[PDB]
Amino acid sequence: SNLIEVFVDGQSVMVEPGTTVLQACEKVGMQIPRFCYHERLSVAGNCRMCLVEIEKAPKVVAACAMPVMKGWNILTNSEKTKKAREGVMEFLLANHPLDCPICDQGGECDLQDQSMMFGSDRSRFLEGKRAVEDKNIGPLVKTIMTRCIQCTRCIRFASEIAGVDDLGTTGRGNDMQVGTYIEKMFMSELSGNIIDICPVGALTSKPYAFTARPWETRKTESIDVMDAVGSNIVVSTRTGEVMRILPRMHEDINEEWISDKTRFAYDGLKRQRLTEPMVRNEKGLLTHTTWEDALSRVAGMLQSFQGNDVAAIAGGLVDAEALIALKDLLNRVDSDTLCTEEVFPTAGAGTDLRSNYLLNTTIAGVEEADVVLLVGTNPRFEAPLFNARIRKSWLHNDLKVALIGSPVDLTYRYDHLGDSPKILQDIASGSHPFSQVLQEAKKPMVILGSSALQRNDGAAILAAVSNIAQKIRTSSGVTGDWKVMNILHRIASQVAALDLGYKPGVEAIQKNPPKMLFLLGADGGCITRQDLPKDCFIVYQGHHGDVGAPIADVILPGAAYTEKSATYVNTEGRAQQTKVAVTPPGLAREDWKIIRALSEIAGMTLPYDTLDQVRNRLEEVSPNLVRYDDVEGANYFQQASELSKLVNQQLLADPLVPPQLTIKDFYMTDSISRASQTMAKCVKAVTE
Amino acid sequence: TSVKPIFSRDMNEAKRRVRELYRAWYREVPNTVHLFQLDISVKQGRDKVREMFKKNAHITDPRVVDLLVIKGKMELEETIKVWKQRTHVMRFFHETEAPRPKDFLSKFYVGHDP
Amino acid sequence: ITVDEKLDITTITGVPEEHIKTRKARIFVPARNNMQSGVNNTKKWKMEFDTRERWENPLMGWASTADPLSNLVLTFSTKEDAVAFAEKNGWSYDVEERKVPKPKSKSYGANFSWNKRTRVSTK
Amino acid sequence: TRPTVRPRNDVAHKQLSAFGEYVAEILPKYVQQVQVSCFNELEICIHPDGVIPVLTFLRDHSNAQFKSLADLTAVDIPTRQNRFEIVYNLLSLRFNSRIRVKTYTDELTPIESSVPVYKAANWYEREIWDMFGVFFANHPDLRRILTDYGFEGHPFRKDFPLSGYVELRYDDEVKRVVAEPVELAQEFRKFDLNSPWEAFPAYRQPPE
Amino acid sequence: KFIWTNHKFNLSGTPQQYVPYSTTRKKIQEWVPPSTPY
Amino acid sequence: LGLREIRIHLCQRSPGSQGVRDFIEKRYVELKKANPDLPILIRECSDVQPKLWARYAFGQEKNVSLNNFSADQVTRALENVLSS
Amino acid sequence: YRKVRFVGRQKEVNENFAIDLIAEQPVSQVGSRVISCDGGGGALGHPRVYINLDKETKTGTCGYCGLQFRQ
Ligand code: SF4
Ligand code: SF4
Ligand code: FES
Ligand SMILES: [Zn+2]
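Protein chains in written order, with the authors' numbering: chain A, 29 to 716; chain O, 15 to 128; chain G, 53 to 175; chain C, 45 to 252; chain U, 107 to 144; chain K, 14 to 97; chain I, 51 to 121.
Written as C-alpha cells, this is what we have:
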C-alpha cells in the first residue's frame, strides 16, 4: 500500500514513493558524502560530491535530488563510484589556500574529514590559486572569502528561514564572490546562527575568534535560560572556563537553530560579578566579611519581624529549587505577601488549573495550524524561535496571519488589522473583518503576550480575548478538541516561579510598608528605596551587581545558570534541567544551599539536605516538575472560561505598543546582556 | 543463579567460616605488635579486627561471602609473617589525615558542593 | 555440580571508597558536535559523571584537581545493557533518551511553482 | 596493488581451515565456535567447562602436538554481560602453527586452573587474580604479583581511574611514609580524537 | 641582531635563578562596590 | 492559620480516580464561586492515590487520600477541612 | 600577594618584544595583482600562500609572515 522496494547494495528496503536516493540510502546506514545538501534548508545540485552509481546504465546520477523508481540496484561502493568521488574532491582542493594551521575551524572542517577518508592522496596542479578579497559584515561574522568551496549553503539560507533577503552571487566563470554587492552590513537575529552552516572556514565567529581548537573541549549538555522557548545548548570548557556554546539539535524547540542572544551572551558571565558576601556598613561603607559573619546579621533580624512586615520577591532567572527553599522558609514564619517581578493580571484564575496560563498548543502545533491571530506583541525579538517556526510553516504550506497594533517589520506578509484595545470587542460579532474567517478556520489559534497583558486594564483583555476563543470553540470549535486560546511569556523562569503557587504581580508589597525584603528579582526598576518606608533593610541575593547592588543592606552571592543543577520550565510546561559546568568562582555558593544554612543558624531547620531531598519536596508541591520534557494532556479551560467572566471590568483606550521596536533594545535587557561587553560593541554599531 | 559456588554452600558453612579466621586474627594481633617494634595499645589491635568484621554486614549471598574470605584468608599470610615493613600495616589506622566534617554546617564554610 | 539456584540482586562493595553513594552518574547519547555534519560519532550509549571543582594552581595556572574519576567514559552498546553496569557496581544514576529526526519530506523540483508560495529565486 | 600492499599467501589459509574444521568434530561437548583470522590464525570459541579437558586433548595427540604454551592473557569488556575474557595461546612445535583458545567468564563464576596440564600457567594465573579479579580455584598458590600490598582495586579493569585513589608522600612529623588522597598538579587533559564518517564499509555494523 | 652580545650561565643561585611565574591576564574580574553615598 | 491553600492532585487516567475529574464537573465553578480568596490548586498527576493536600499553621502539611470515590463523596470530603 | 616568589631572584623577562617590532619594515610593493608569500627563504618558512592586494592602499601579509606587505 504505497511504497516501493529498492535494493541498496543488494539489500531490499522500503521507501515512500518520492524519497530521493539519499533519504533511502540513509535508512540502511550509509552517508553518501554531502556538500550542498542539508536537511532543514532546500536542495540544489552544485556540489557534485554525491555521485551514486546506478546499476546497468552508463551515466552516473546524483543522489541529492532525483526520485527513486521501481527498484534500481543502488550501488554505492564499486569501481565506478570510487572513480568520481575521488575526482571531484581533487577539484575543490585546487584552490583552497594553505591554511589549516590557523583556520579556526581547523579541527572540524569538511575539506578534512572527507578528503582523508574519501577521495584523493596527493596533488598535481602545480601552480595557480586565485585569492579574492574579504570585506566585513558586522561585529560577529568574520569573513575570509579566500576559501568558499561555494556550496551556496549560506545563501539559500538567507532567502530561506530568517527572512532577510540580502546575500547574493555576483559574477561569472571561475570568479564569483558571495558577499554583498554594496556595503550593506547584514544584521538580524538567527543570522548570527550562520556559522554552523558553512562547511568550511569561510564564516567564523568574532568573539571566540582565536582561543581554543576543538579537540580539547568538554561537551557537557545544558539549557539556555534567557527567555521562553529555552533551548538545548552545549557548553565547552578548556581550563575550567566557558569558551563557546552551540546548539544541541533538539527536534521541536530549536530545530537545529539557536538564537543569537543566547549565543554571544556568555561573555558578560565572567566580566563583572560579585564573588563574596559583603557586609552592611552604616555609611556608604560596604565591605567584605567572612562567610559566617553576615549570615547571622540577617539571621536575628528575622527573629524580630513577623507577619506581613517581611516579604520576598524573586522575579528573575532563579531556579525552581530556590523557589521552594525560599518559599517554605519564609512561609514557616507565616509571612507571605510575596510575588515575582513580573506582572500577570489575575481575576478568577492564574494559578488554579493554569489552562490559560501556559502556551497550550505546543511549538510543534504551529506546523499543523491554519489561521492565526496574534495581538499586542512583536514576536520577533521575544522568543525568536517561535517567530521562524511560523516562517518555515508560513512557507512549505499555506498559513494566514493577522496582528493587532503598531505595524512592525516582520519577515512575512501579515496585515495590521487595527490598533487599539477597542478593536477586540467588536470582533465578538461581525465587524472589522475575518468575521467568518476565524469562524471558518479548521484549527484557529490566538496568541497574547506578556507585554500587552501587563497593562493596567490587563484583566479585561485576558477576559476579552478568551471570549473569542470561547466564541469559536463553543461552535465546534475546531474539529475536534484542538485547544485554541494560549499565551506566551518573555521572561526566563516564570511558569515555574508561578505555578508553584507564588501570586502574580508586585502589588501585595505596593499596598503596605513591609520592612525586610529579599531581592532576587532583582534588577527591575520597579521597587526602589524611595518607594519603601524607612531604612529597614532589604537583603540582596544573586550573582550580579547591576541595579540593586548599591541599594541594599546585606548581599549574598550565587551561581549563574552554568554552575548549578537546577530546573527551569519553558512555556509548554516542560522540565529541563541545566547541568553543572564550571565550578562557581571565589566564595559564591548555590542558592538553595544558602537557604538551609540561613535556616539552621536561625530557628527552624528545613527537612532536607541533599538535592534529591529537594525534588521530593518539589514533587509534593507539584507533580509535573519531576516529569522531564513531557506535555501532559490538559484542557481545563472550559471551567475557567466561565469563572473568569466573574468581574465585569472594561478596557482603557490607547493604542497598543510593544516595548521592543526595531532592534536596538533587543540586546541589553535581562542581566547578563547588560554587562556583556560584546553587546556593548553591537549596540553602538546600530545607532550610527 | 547457576554457577558453581567457591567453598560455601549456603550461609552456614559460610558463616562458620567468618567466625573462624576471626580467631586467627584475634589470637594473633599482638605477636606482631612487639615484632615490628610498633607501639600501640594492644587493645586497639583488637578493636580494629572487630571493627572490620562488623563492617560488611548486609551481604545477602554465598560466593560473595566466600569472595571476601579469599582476601581475608590471604592477609594472615603476610602479616603473620613479615612481608610488610611497619608502613604497610600502620596505614590501617590513619594518623595524619585531618578530619572530615561529615556534618552539614561544617561543610558549608569549606569546600564547594560535596 | 552444585548448581544451587538463588536470587540476590547483584551488588559489590568495598573496592572504591566514599564515591559509591556521593555521586550521580549519567547515561546519555552524545549529541554530534555541530560544526560538522558527520553522523558517525553517535550510536553508543556512554556514561560520564558529575563534575567537581577545578581550581587554579598558584604557581603556573595549571588547574589541578581532586575528584579522581572525573575522566572516564565507558561505552555501552544499548540501554537494556546500559543500566546493567550501574546497579551491578552499585551507584546512583540517571538516564537520557536517544533522538532521531522526523521522516521527512523534501523534494527538489517543487521549487518552481505556478500558484505555490514556495518559489525560490537566486538559489 | 602490488607495490605497497602486503602480498597474501593462500596455502596457509587452506589447511587451517581443514585442521580446524574437525576439532569442532571430535569435541562437540565443549567447542561452540571456530573461525579463521584473515592472516591465517585460528580462534576457537570454547564454553568455560572445557579448559583442562580441551587443552589435554591439545596437550598430546599425533595429529596435534601443541606442547608450547606461549601467552596467557585477558581482555575485559563491559556490555558483554559476562565481563572478562581469557585467551590461551599455544604453539605446536612440530606442525608450525598458532591456535588460540578463547573462554569467557565472569567475576563470581570461578574458572579452573590449567596448572597440572602446563606448569607455565603458574605465574600467569597468579597475576590475573591481582589485576582483573578472576578467581582460579585449585591453584597450588594464589598471591599478589605486579602490585603493591595496598591496592584493593584490581586496576587494569575499566573502572579504575588511571591515577589510583591514594597518592603517597613522606612526612617527618613521625617516621613513616604515609598515604594521603590523590592531589595532582595538572588535570591530565582529556583530548577527543574520534572522527566521524565511518571510513570502513566492510565492518559495517548491522543495519538495525 | 635579535641575538646576544656576550653570554650567561646555567647558574645555581646567581642571585638570579629565574624561578618562573605566570604569564597571563586576570580571570574573573571581581566586582567593585559603590562609593561614599548611600 | 488556617487554612491557607488546598492542592487537589489527581491523575489523567487510571479512571479509578475519576471522582476528582468528576468533582470539577460537580463542584469547582460552584464551590469556588464563593470563597473568592482561597487559591485552590489543581496540579497534574500523582498517578496513584490522588492525595488531597492542605497547608496551614506555619506551613504544616496535612494529606488526606482518595483512591476510588464517587462524585459527591469528595464534595463532602472537602468541607471536612474547609469548615475548620 | 603572589609577588614574593622572585624576591632577590632577578626575574627573567624578555628584553626585546615583538608585540610590534614589525612596523619598521619597508613595506614592499610589486606592481601586480597577487603574490607569493613564502617567507624567510625557500623551504624554511610558512607554507606558500597567495594574497590579493587590490584595495587602494593596504596589502595583506598572510598572517603567518607578519611582515608588512602591500603595493
Ligand atoms: S579551512 Fe577547511 S580547508 Fe581551509 S584549511 Fe582550515 S580546514 Fe583545511
Ligand atoms: S559560506 Fe563558504 S560555503 Fe557557505 S556558501 Fe558562502 S562560500 Fe559556499
Ligand atoms: S550534495 Fe550532491 S548536490 Fe549538494
Ligand atoms: Zn609570509
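Quick reminder that beta carbons are idealized off the backbone N, C-alpha and C, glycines included.
Own chain, CB closer than 7 Å to residue i, minus 5 neighbours either side, in chain order
{"i": "residue 28 of chain O", "result": "22, 76, 79, 80"}
{"i": "residue 564 of chain A", "result": "543, 544"}
{"i": "residue 591 of chain A", "result": "608, 609, 610, 611, 612"}
{"i": "residue 88 of chain K", "result": "36, 39, 40"}
Residue from the options whose Cα sits closest to the Cα of residue i
{"i": "residue 131 of chain U", "options": "G:148, G:112, G:85", "result": "G:112"}
{"i": "residue 516 of chain A", "options": "A:436, A:614, A:256", "result": "A:256"}
{"i": "residue 573 of chain A", "options": "A:224, A:652, A:380, A:699", "result": "A:699"}
{"i": "residue 148 of chain C", "options": "C:127, C:205, C:122", "result": "C:127"}
{"i": "residue 674 of chain A", "options": "K:30, K:81, K:47", "result": "K:47"}
{"i": "residue 94 of chain I", "options": "I:114, I:78, I:69, I:75", "result": "I:114"}
{"i": "residue 281 of chain A", "options": "A:525, A:260, A:537", "result": "A:260"}
{"i": "residue 291 of chain A", "options": "A:355, A:222, A:356, A:401", "result": "A:222"}
{"i": "residue 190 of chain C", "options": "C:94, C:140, C:170, C:124", "result": "C:170"}
{"i": "residue 104 of chain C", "options": "C:81, C:136, C:195", "result": "C:136"}
{"i": "residue 84 of chain O", "options": "C:177, C:222, C:241, C:247", "result": "C:177"}
{"i": "residue 46 of chain O", "options": "O:31, O:65, O:101, O:20", "result": "O:101"}
N- and C-terminal bounds of the beta strand (DSSP E) containing residue i
{"i": "residue 569 of chain A", "result": "566-569"}
{"i": "residue 120 of chain C", "result": "117-120"}
{"i": "residue 703 of chain A", "result": "It is not in any beta strand (DSSP E) - residue 703 of chain A instead sits in the alpha helix (DSSP H) that spans 700-703."}
Supposed contact pair residue j and residue i - C-beta distance, whole angstroms, cut 8 Å
{"i": "residue 608 of chain A", "j": "residue 593 of chain A", "result": "6 Å"}
{"i": "residue 623 of chain A", "j": "residue 324 of chain A", "result": "Actually they do not touch by this definition, with Cβ atoms about 15 Å apart."}
{"i": "residue 671 of chain A", "j": "residue 376 of chain A", "result": "4 Å"}
{"i": "residue 144 of chain C", "j": "residue 132 of chain C", "result": "7 Å"}
{"i": "residue 146 of chain C", "j": "residue 90 of chain C", "result": "7 Å"}
{"i": "residue 82 of chain K", "j": "residue 362 of chain A", "result": "Actually they are not in contact, since the Cβ atoms of residue 82 of chain K and residue 362 of chain A sit about 32 Å apart, beyond 8 Å."}
{"i": "residue 692 of chain A", "j": "residue 715 of chain A", "result": "7 Å"}
Neighbourhood of residue i by C-beta, 6 Å cutoff - its chain only, sequence neighbours within 5 removed
{"i": "residue 188 of chain C", "result": "174"}
{"i": "residue 162 of chain C", "result": "113"}
{"i": "residue 131 of chain A", "result": "229"}
{"i": "residue 417 of chain A", "result": "391, 394"}
C-beta atoms of residue i and residue j nearer than 9 Å
{"i": "residue 235 of chain A", "j": "residue 583 of chain A", "result": "no"}
{"i": "residue 242 of chain A", "j": "residue 447 of chain A", "result": "no"}
{"i": "residue 151 of chain G", "j": "residue 81 of chain G", "result": "yes"}
{"i": "residue 88 of chain C", "j": "residue 119 of chain C", "result": "no"}
{"i": "residue 264 of chain A", "j": "residue 273 of chain A", "result": "yes"}
{"i": "residue 80 of chain I", "j": "residue 117 of chain I", "result": "no"}
{"i": "residue 232 of chain C", "j": "residue 212 of chain C", "result": "no"}
{"i": "residue 183 of chain A", "j": "residue 158 of chain G", "result": "no"}
{"i": "residue 102 of chain A", "j": "residue 78 of chain A", "result": "no"}
{"i": "residue 80 of chain A", "j": "residue 109 of chain A", "result": "yes"}
{"i": "residue 62 of chain A", "j": "residue 89 of chain G", "result": "yes"}
{"i": "residue 270 of chain A", "j": "residue 297 of chain A", "result": "yes"}
{"i": "residue 289 of chain A", "j": "residue 695 of chain A", "result": "yes"}
Cβ neighbours of residue i in the same chain (closer than 8 Å, five flanking residues each side left out)
{"i": "residue 58 of chain K", "result": "22, 23, 24, 25"}
{"i": "residue 93 of chain G", "result": "82, 84, 85"}
Unbroken alpha helix (DSSP H) run spanning residue i, endpoints
{"i": "residue 100 of chain C", "result": "96-103"}
{"i": "residue 89 of chain C", "result": "Segment 85-90 is the beta strand (DSSP E) holding residue 89 of chain C; no alpha helix (DSSP H) there."}
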